[PDB]
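Colleague: Please find one structure pasted underneath; my questions will follow.
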Amino acid sequence: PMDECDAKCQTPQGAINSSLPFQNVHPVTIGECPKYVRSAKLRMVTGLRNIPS
Amino acid sequence: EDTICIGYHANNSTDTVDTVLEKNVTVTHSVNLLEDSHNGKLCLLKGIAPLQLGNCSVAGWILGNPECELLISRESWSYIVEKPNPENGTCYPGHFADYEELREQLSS
Amino acid sequence: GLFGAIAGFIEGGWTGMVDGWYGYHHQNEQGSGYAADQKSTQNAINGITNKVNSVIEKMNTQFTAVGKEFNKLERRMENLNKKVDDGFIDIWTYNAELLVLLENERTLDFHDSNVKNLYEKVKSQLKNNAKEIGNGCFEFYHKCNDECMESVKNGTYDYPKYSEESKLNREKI
Amino acid sequence: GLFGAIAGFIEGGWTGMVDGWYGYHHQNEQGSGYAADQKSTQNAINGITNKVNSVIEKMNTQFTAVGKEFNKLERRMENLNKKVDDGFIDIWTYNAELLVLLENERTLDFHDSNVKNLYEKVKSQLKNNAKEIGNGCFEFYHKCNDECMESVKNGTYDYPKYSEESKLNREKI
Amino acid sequence: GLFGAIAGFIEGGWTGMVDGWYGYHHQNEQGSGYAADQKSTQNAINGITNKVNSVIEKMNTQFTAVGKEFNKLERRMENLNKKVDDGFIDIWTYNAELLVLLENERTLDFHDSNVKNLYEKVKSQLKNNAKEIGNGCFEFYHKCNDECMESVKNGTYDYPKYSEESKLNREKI
Ligand SMILES: *[C@@H]1O[C@H](CO)[C@@H](O[C@@H]2O[C@H](CO)[C@@H](O[C@@H]3O[C@H](CO)[C@@H](O)[C@H](O)[C@@H]3O)[C@H](O)[C@H]2NC(C)=O)[C@H](O)[C@H]1NC(C)=O
Ligand SMILES: *[C@@H]1O[C@H](CO)[C@@H](O[C@@H]2O[C@H](CO)[C@@H](O)[C@H](O)[C@H]2NC(C)=O)[C@H](O)[C@H]1NC(C)=O
Ligand SMILES: *[C@@H]1O[C@H](CO)[C@@H](O[C@@H]2O[C@H](CO)[C@@H](O)[C@H](O)[C@H]2NC(C)=O)[C@H](O)[C@H]1NC(C)=O
Numbered sequence: 274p275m276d277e278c279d280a281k282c283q284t285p286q287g288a289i290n291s292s293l294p295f296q297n298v299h300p301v302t303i304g305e306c307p308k309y310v311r312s313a314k315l316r317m318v319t320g321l322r323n324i325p326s
Numbered sequence: 004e005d006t007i008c009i010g011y012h013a014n015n016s017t018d019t020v021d022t023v024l025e026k027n028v029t030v031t032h033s034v035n036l037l038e039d040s041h042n043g044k045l046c047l048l049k050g051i052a053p054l055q056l057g058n059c060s061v062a063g064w065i066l067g068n069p070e071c072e073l074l075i076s077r078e079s080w081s082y083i084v085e086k087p088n089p090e091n092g093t094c095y096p097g098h099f100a101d102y103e104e105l106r107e108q109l110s111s
Numbered sequence: 501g502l503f504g505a506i507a508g509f510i511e512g513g514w515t516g517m518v519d520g521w522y523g524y525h526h527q528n529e530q531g532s533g534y535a536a537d538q539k540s541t542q543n544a545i546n547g548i549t550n551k552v553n554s555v556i557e558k559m560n561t562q563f564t565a566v567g568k569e570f571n572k573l574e575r576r577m578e579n580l581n582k583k584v585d586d587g588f589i590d591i592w593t594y595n596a597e598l599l600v601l602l603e604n605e606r607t608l609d610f611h612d613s614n615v616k617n618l619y620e621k622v623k624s625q626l627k628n629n630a631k632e633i634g635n636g637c638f639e640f641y642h643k644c645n646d647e648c649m650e651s652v653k654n655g656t657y658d659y660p661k662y663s664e665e666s667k668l669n670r671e672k673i
Numbered sequence: 501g502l503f504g505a506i507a508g509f510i511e512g513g514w515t516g517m518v519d520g521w522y523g524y525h526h527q528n529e530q531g532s533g534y535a536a537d538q539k540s541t542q543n544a545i546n547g548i549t550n551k552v553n554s555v556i557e558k559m560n561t562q563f564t565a566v567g568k569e570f571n572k573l574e575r576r577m578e579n580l581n582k583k584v585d586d587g588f589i590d591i592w593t594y595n596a597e598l599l600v601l602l603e604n605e606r607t608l609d610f611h612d613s614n615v616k617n618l619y620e621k622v623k624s625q626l627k628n629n630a631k632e633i634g635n636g637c638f639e640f641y642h643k644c645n646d647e648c649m650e651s652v653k654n655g656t657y658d659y660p661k662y663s664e665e666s667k668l669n670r671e672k673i
Numbered sequence: 501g502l503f504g505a506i507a508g509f510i511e512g513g514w515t516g517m518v519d520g521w522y523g524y525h526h527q528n529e530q531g532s533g534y535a536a537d538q539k540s541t542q543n544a545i546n547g548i549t550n551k552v553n554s555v556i557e558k559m560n561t562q563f564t565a566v567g568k569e570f571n572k573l574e575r576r577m578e579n580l581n582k583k584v585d586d587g588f589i590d591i592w593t594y595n596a597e598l599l600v601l602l603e604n605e606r607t608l609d610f611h612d613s614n615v616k617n618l619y620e621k622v623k624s625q626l627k628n629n630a631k632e633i634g635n636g637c638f639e640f641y642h643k644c645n646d647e648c649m650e651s652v653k654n655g656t657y658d659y660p661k662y663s664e665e666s667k668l669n670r671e672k673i
């Protein structure tokens, strides 16, 4: 369905939030889009190894 | 007696990150770099709205097929929207020459 | 880990310290408590922040339409396009994942750094006026009221003010 | 090297130690011998293994026919294909070689880490019951039969059991 | 920094020392002066040199004409070419900048390493014959004329030759 929302990256299934560098939604896009990658998880640690007890 | 110790923060976070040497390393803080959600909507790009063809292909829309919304109102667009198998194209059969090019150039 | 402080001689973390990443636990009669060292914690937040904002904000992306549609006598072109798309996807996938791995390791090593450097900072202030008990902990020979603790925290400690009492209590040990 | 243990104060390696990467050499009357510390060695094997399997297993490659053949009025296309192929080859060559370099440095630094951290592990158990002789070696003040050595190896050492004898032997030194 | 020597316990640098990156300042009666440790400085110059020459010399580039010109019924081709060019430019921009960042951090950490390792080299030679005054500085208990200083510099120091005088001067301290 077409909608009045605004975005900078569009893909068949639905628009994308283009702030992060990488995506895995759909390869064929239109816009100022993140790069498509065959990745399930790209998570970066900002804290430290959590060792409670 | 008196004591001074030095240590480091910890919390209940279960965020795991992969590392060169070790995998599933639970960490206190993390940040995602990988967008993996779409809003299931054809939003408009950089302020300009797409061109809706509804039931027609580009051929039908531009040839003036009798069943297509000609959308005289539309004076600009960012991209064009068809369906997988549009219903109303070249209503009188025949070959549309250099069709991919024209689709490309009318895209925006 | 790489410096032997986090998961090293300091076996674990302090769930009670919410003031920041790096900090102190004291035990003067007056009572206990946790504190954070805002200098090192703040420098670490600025550094890591700059790292993440450097992996994100560095991605320039022009306005681009990835899709190209070809007919049945343009298979060479279609496979060329496919070859471009797939090539870039391979590159970015590989480099992205290895980047995340390597820099995660680097981050953990950087925290381990900050903690070890902090331990050494405290040690270089207490040479003979304390002993290395257990791990990430020093026991004083002279009693160190809140004032003295908060002195170790802000760097200023004043060693010769407490050197004598220490010289006494240490001999019999 | 980067931590001053391998090629640093520990001048060389032990060709006689086959049990693993990291280990011990003891000299109690009963006799000498080499052993390996399987904890640190095993953690290093797991880490390095995961690294290599991370540089290899991360290479997704679709089914691809690199070759394209063109006629004599398709030189623009032929040079475009050539441009794609050559571009990817440049990328992968450069990134691959620098990756190998940087990660080799990182690996050597990681071993240097493990050894230094191990040395410190032993040092923190023997504070006054031994002195730092030569390099990567401690001399005891109390005699330490096999049982005691094997105690230092598995972490448990029991310091106050040997503190008195040490306190004697150390004074005249 | 990452090892707590540069910008760490050693607050700053020596503008008067031009002989190299790493060096010494002595204060024996005969007089003062600055010197450089050419072993570590030279190893650092070789390493960094090799790094830079590895980021530059590793860039193979075939002979290539980036430009392609198309007519008005070749917009698909023109946008494909545009897509190739823009893709490579994105890749090289991102990877280039992050490479410069990461390896700059690595270089600074490498210098911090060399200085800390040098400090420790001196410390392990002077165990009880000197104390850790201030920062990046040792005060002797026995007086050490130029010859002795130049001995610490080239590694050979001869400890038991000065152990007695030190044993005297240290007791009252
Ligand atoms: C726009 O698209 C619609 C939907 O395809 C077109 O209407 C459809 O036209 C087909 C003929 O190609 C009709 O199918 C035929 O129906 C007869 C009975 O009427 C049947 O005996 C034939 O075997 C065949 O199945 C279909 O019923 C018809 N659907 C509707 C809802 O009218 C329409 O013609 C297109 N408009 C233009 C301008 O091309
Ligand atoms: C688009 O993505 C950005 C980044 O992924 C989102 O910003 C995040 O917002 C949450 C909650 O506000 C924070 O916890 C994160 O730290 C933010 N990330 C960054 C990098 O700043 C943003 O909210 C997203 N926008 C939408 C509409 O979903
Ligand atoms: C596009 O064409 C389809 C025909 O397939 C239209 O669907 C019909 O809609 C009417 C009422 O909206 C229904 O009574 C019919 O049963 C539908 N036909 C089928 C085959 O399901 C659809 O309405 C058209 N959309 C637009 C915007 O014109």
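Chains as they are written, first to last, in the entry's author numbering: chain A, 274 to 326; chain B, 4 to 111; chain C, 501 to 673; chain D, 501 to 673; chain E, 501 to 673. Beta carbons: idealized from backbone N, C-alpha and C, even for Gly.
1. So which residues on chain A does residue 33/B lean against when the C-beta distance must stay under 9 Å?
2. Mind listing the chain D neighbours of residue 563/C? Cutoff is C-beta to C-beta under 9 Å, in chain order.
3. Pair every Cβ in the region 502 to 522 of chain D with every Cβ in the region 537 to 548 of chain D, then say whether three or more of these pairs are closer than 8 Å.
4. If we call anything under 8 Å between Cβ atoms a contact, is residue 294/A one with residue 308/A?
5. Return the bridge partner residues of residue 600/E from the DSSP annotation.
6. With distances taken Cα to Cα, identify the nearest neighbour of residue 661/D among 644/D, 670/D and 654/D.
7. Does any C-beta atom of chain C lie closer than 8 Å to the C-beta of residue 298/A?
8. Taking the beta carbon of residue 507/E as the centre, do at least 16 other beta carbons fall within 10 Å, making it buried, or is it exposed?
9. Between which residues of its own chain and residue 641/D is the CB-CB distance below 7 Å, once the five residues before and five after are set aside?
10. My understanding is that residue 286/A touches residue 298/A, with C-beta atoms under 8 Å, so please give their C-beta distance in whole angstroms.
11. Could you have a look at residue 517/C and say whether DSSP puts it in helix, strand or coil?
12. Under 8 Å: do the region 559 to 573 of chain D and the region 621 to 628 of chain D share three or more Cβ pairs, one atom per stretch?
13. So what's residue 662/D in DSSP terms, helix, strand or just coil?
14. Give the DSSP bridge partners of residue 630/D, in chain order.
15. Against chain C, with Cβ distances strictly below 8 Å, would residue 10/B count as a contact?
16. Quick check on DSSP: helix, strand or coil for residue 74/B?
17. Give the C-beta separation of residue 9/B and residue 657/C to the nearest angstrom, bearing in mind that I take them to be a contact with Cβ-Cβ under 8 Å.
18. Buried or exposed: which applies to residue 529/D, given that a residue is buried once 16 or more other Cβ atoms fall within 10 Å of its Cβ?
19. Which bits of chain B does residue 554/D rub up against, with CB to CB less than 8 Å?
20. Could you tell me how far apart the beta carbons of residue 505/C and residue 615/C are, in whole angstroms, since I believe they sit closer than 8 Å?
21. Would residue 275/A and residue 45/B be called neighbours here (beta carbons separated by less than 8 Å)?
22. Restricting to Cα atoms, I'd like to know which of 555/D, 573/D and 564/D is closest to residue 593/C.
23. Verify the CB distance criterion: does residue 520/D have a CB-CB separation below 8 Å to chain B?
24. At a threshold of 7 Å, does residue 33/B count as lining ligand 2 (C-beta to nearest heavy atom)?
25. Who sits around ligand 3, taking every residue whose Cβ is closer than 5 Å to one of its heavy atoms?
26. Beta-carbon within less than 6 Å of residue 574/E's beta-carbon, same chain only, minus the 5 sequence neighbours each way: which residues are those?
27. Of all the options 67/B, 72/B and 49/B, which has the alpha carbon lying nearest to the alpha carbon of residue 57/B?
28. Under 7 Å from any heavy atom of ligand 2, does the C-beta of residue 601/D make it?
29. Taking 7 Å as the line, does the beta carbon of residue 27/B fall inside it for any heavy atom of ligand 1?
30. For the beta strand (DSSP E) that contains residue 47/B, what are its first and last residues?
31. If you measure from the beta carbon of residue 699/D to each beta carbon in chain B, is any gap under 8 Å?
32. Please report whether the beta-carbon of residue 600/D lies at a distance below 8 Å from any beta-carbon of chain C.
33. Can you give me the start and stop residues for the alpha helix (DSSP H) that residue 550/E sits inside?
34. Residues in the same chain with beta-carbon distance under 6 Å from residue 568/D, minus the five sequence neighbours each way, listed in chain order, please.
35. Can you list the residues of chain D that residue 591/C reaches, using a CB-CB cut of under 7 Å?
36. Can you tell me whether DSSP reads residue 111/B as helix, strand or coil?
Modeller: The relevant details are as follows:
1. The residue labelled residue 33/B in the question sits at position 30 within the second sequence. Going along chain A in sequence order, the residues near residue 33/B (Cβ under 9 Å) are 316, 317, 318, 319 and 320.
2. In the third sequence, counting from the first residue as 1, residue 563/C sits at position 63. Correct list: empty, because the minimum Cβ distance to chain D is about 21 Å.
3. yes
4. The residue labelled residue 294/A in the question sits at position 21 within the first sequence. The residue labelled residue 308/A in the question sits at position 35 within the first sequence. Yes; because the gap between Cβ atoms is below 8 Å, this pair is in contact.
5. Taking the first residue of the fifth sequence as 1, we reach residue 600/E at position 100. In DSSP, residue 600/E forms no bridge with anything.
6. Mapped onto the fourth sequence, residue 661/D falls at position 161. Cα-wise, what sits closest to residue 661/D is 644/D.
7. Your numbering for residue 298/A matches position 25 in the first sequence. Not one chain C Cβ lies under 8 Å of residue 298/A.
8. What you label residue 507/E is simply residue 7 of the fifth sequence in a count that begins at 1. That one is exposed.
9. As a working mapping, residue 641/D is identified with position 141 in the fourth sequence. So the qualifying residues of the chain are 629, 630, 665, 666, 669 and 670.
10. Reading the first sequence from its first residue, position 13 is the one you call residue 286/A. Reading the first sequence from its first residue, position 25 is the one you call residue 298/A. Yes, residue 286/A and residue 298/A are in contact; Cβ-Cβ is about 7 Å, under 8 Å.
11. Counting from one through the third sequence, the residue named residue 517/C turns up at place 17. If DSSP states are grouped into helix, strand and coil, residue 517/C belongs with coil.
12. These segments do not touch.
13. Locating residue 662/D in the fourth sequence gives position 162, counting from the first residue. Three-state DSSP puts residue 662/D in coil, outside helix and strand.
14. Against the fourth sequence, residue 630/D aligns to sequence position 130. Note: residue 630/D sits in a beta bridge opposite 640/D.
15. Within the second sequence, residue 10/B is the residue found at index 7, counting from 1. At least one chain C Cβ lies under 8 Å of residue 10/B.
16. Here residue 74/B corresponds to residue number 71 of the second sequence, with the count starting at 1. Coil, per DSSP.
17. Along the second sequence, read from residue 1 onward, the residue named residue 9/B stands at position 6. Along the third sequence, read from residue 1 onward, the residue named residue 657/C stands at position 157. Between residue 9/B and residue 657/C, the beta carbon gap of about 14 Å keeps them out of contact (Cβ cut-off 8 Å).
18. On the fourth sequence, residue 529/D is found 29 positions in, with the first residue counted as 1. Under this definition residue 529/D is an exposed residue.
19. The residue labelled residue 554/D in the question sits at position 54 within the fourth sequence. The contacting residues are 23.
20. As a working note, residue 505/C is residue 5 in the third sequence. As a working note, residue 615/C is residue 115 in the third sequence. Rounded to the nearest angstrom, the Cβ distance from residue 505/C to residue 615/C is 5 Å, consistent with a contact under 8 Å.
21. Within the first sequence, residue 275/A is the residue found at index 2, counting from 1. Within the second sequence, residue 45/B is the residue found at index 42, counting from 1. Result yes, Cβ atoms of residue 275/A and residue 45/B sit closer than 8 Å.
22. As a position in the third sequence, residue 593/C is number 93, starting the count at 1. The candidate whose alpha carbon is nearest that of residue 593/C is 555/D.
23. Walking along the fourth sequence from the start, residue 520/D turns up at place 20. Chain B, which has no Cβ nearer than 8 Å to the Cβ of residue 520/D, makes this no.
24. Here residue 33/B refers to the residue found at position 30 of the second sequence. Here the distance from the Cβ of residue 33/B to the nearest heavy atom of ligand 2 is not below 7 Å.
25. 57/B and 58/B
26. Locating residue 574/E in the fifth sequence gives position 74, where the first residue counts as 1. No residues qualify anywhere along the chain.
27. By one-based count along the second sequence, residue 57/B stands at place 54. Checked all of 67/B, 72/B and 49/B; the closest Cα to residue 57/B is 72/B.
28. Numbered from 1 along the fourth sequence, position 101 holds the residue referred to as residue 601/D. No; taking the cut-off as 7 Å, the Cβ of residue 601/D has no heavy atom of ligand 2 nearer than that.
29. Stepping through the second sequence from its first residue, residue 27/B is reached at position 24. Not one heavy atom of ligand 1 falls within 7 Å of the beta-carbon of residue 27/B.
30. Taking the first residue of the second sequence as 1, we reach residue 47/B at position 44. Taken as a continuous stretch (DSSP letters only), the beta strand (DSSP E) holding residue 47/B covers 45 to 48.
31. No answer is possible for residue 699/D: it lies beyond the span of chain D, which begins at 501 and ends at 673.
32. Working through the fourth sequence from its first residue, we reach residue 600/D at position 100. Not one chain C Cβ lies under 8 Å of residue 600/D.
33. Residue numbering aside, residue 550/E sits at position 50 when the fifth sequence is read from its first letter. It spans 538 to 556 - the alpha helix (DSSP H) in which residue 550/E sits, taken as one unbroken run.
34. In the fourth sequence, counting from the first residue as 1, residue 568/D sits at position 68. Only 581 meet the Cβ criterion.
35. The residue you call residue 591/C lines up with position 91 of the third sequence. By Cβ distance, chain D contributes 591.
36. Start at 1 with the first residue of the second sequence, and residue 111/B comes out as number 108. The three-state reading of DSSP puts residue 111/B in coil, since its state is none of H, G, I, E or B.
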